[PDB]
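In each ligand, atom 1 is the first atom listed, and ligand 1 is the first ligand listed. Excluded from the calculations below are hydrogen atoms, water molecules and symmetry mates; all remaining heavy atoms, backbone and side chain alike, are included. Each residue takes its place number in the sequence, starting with 1.
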Amino acid sequence: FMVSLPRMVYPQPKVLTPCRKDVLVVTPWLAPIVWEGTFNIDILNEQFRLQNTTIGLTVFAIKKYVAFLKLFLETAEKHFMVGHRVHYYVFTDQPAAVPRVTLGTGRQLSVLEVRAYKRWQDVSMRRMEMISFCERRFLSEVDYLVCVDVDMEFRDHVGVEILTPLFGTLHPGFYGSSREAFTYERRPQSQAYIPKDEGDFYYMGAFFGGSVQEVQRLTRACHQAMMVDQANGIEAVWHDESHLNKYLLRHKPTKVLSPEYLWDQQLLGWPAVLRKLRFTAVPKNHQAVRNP
Ligand SMILES: O=c1ccn([C@@H]2O[C@H](COP(=O)(O)OP(=O)(O)O[C@H]3O[C@H](CO)[C@H](O)[C@H](O)[C@H]3O)[C@@H](O)[C@H]2O)c(=O)[nH]1
Ligand SMILES: [Mn+2]
């Protein structure tokens, strides 16, 4: 049950004055695409606080990637769901390497020890299995689950505007691309296969989420698909991301996050269409960091 909002004073939405005219702000299945200027955060904060919303955030920091945790967590403290209940779940093979980060009130962190796989691809891919059925405390502890890469930092507001039954994020590399150019898995022998005449968007593996129920469905489905591929001796071109794209093609997200929510400034600069850079890639030497 949802109680009444209080009296609030804010600017009236004007029907004949769009918030943004430069970008698509709703998908053809009527899911909002979240861009700066499309939402009044004061209204959303009220709505979500009235439900006493708890948000779980998963992050994997395996082998050398433990090094990214300090900046990830300390910037999350500044920018992620501030004012709301947050539970961080840090999955790692090195619990003792998790930095001691000071948290704001109503926020907690749990360290979950997992095995490290040799291949960086396997580490990235096994996140689906680990999130799903494996971790069962989510249904009891949180309302929504957000699942992100660790090799990142928050620079601006990431808040309740993202919350919805199911969301994916537009990959910063491809938001302007036509579907034939998307790096979907193209081999029919893979469960992740998507033909050149199908596809809405190219979502990045580094930021997805939803209600606990929908996230468990997504991760379960992706894990089972990866298992079928493995039994068939095929590995999708972009690993977990290929399966995530297949899933979101066949199960449309109820919100889509703009690339404000996943950006690499070194690689892609700061285009006019991005009014804020919210959650951004931390430079890494891929080869060095992925191998002993
Ligand atoms: O040794 C490792 C390798 C990977 N990871 C975890 O796996 C995540 C994804 O790996 P990368 O960050 O190296 O992947 P990229 O950002 O380079 O590339 C993108 O493609 C991947 C598939 O190749 C994933 O889908 C990922 O979400 C997506 O952003 C990392 O953030 C980290 O959380 C580790 O913890 N340790
Ligand atoms: Mn990453």
Q: Under a strict 4.0 Å criterion on non-hydrogen atoms, which protein residues are in contact with ligand 1?
A: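 Within 4.0 Å of ligand 1, the protein residues are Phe60, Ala61, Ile62, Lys63, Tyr65, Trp120, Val123, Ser124, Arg127, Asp149, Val150, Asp151, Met204, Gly205, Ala206, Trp238, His239, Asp240, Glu241, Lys284, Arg290.
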Q: Evaluate the ring planes of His87 and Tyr89, with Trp represented by its six-membered ring, and classify them as parallel (under 30°), tilted (30 to 60°) or perpendicular (over 60°).
A: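 The arrangement is parallel - the two ring planes meet at less than 30°.
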Q: Give a yes or no on whether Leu170 and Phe174 share a hydrophobic cluster (residues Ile, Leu, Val, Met, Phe, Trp, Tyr; joining criterion: side-chain heavy atoms under 4.5 Å apart).
A: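 Different clusters.
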Q: Within this structure, what is the CD-CZ distance for the pair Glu161 and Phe167, rounded to the nearest 0.5 Å?
A: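 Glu161 CD to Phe167 CZ: 10.0 Å, rounded to 0.5 Å.
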Q: Hydrophobic side-chain clustering at under 4.5 Å (ILVMFWY, transitive links): who's grouped with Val9? Put none if nobody.
A: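 None; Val9 is a cluster of one.
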Q: Could you identify which residues cluster with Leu16, counting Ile, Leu, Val, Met, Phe, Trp and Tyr as linked when any side-chain heavy atoms lie under 4.5 Å apart, either directly or through a chain of such contacts?
A: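 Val15, all in the cluster of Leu16.
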Q: State yes or no: do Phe91 and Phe208 share one hydrophobic cluster built from I, L, V, M, F, W and Y residues joined by side-chain heavy-atom distances below 4.5 Å, directly or via other members?
A: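 The answer is yes; both residues are in one hydrophobic cluster.
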Q: Between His223 and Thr219 (side chain of the first, backbone of the second, donor and acceptor by atom type, cut-off under 3.5 Å), is there such a pair?
A: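 Answer holds: no.
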Q: Once rounded to the nearest 0.5 Å, what's the spacing between atom CZ of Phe201 and atom OH of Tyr175?
A: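 Result: 13.5 Å between the selected atoms.
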Q: From the Mn ion (ligand 2), how many protein N/O/S atoms are found at a distance short of 2.8 Å?
A: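 There are 3 of them.
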Q: So, applying side chain to side chain contact (heavy atoms under 4.5 Å, CB included) with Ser124, which one of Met128, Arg126, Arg127 is it?
A: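 The side chain to side chain contact (heavy atoms under 4.5 Å, CB included) with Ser124 is passed solely by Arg127 among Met128, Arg126, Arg127.
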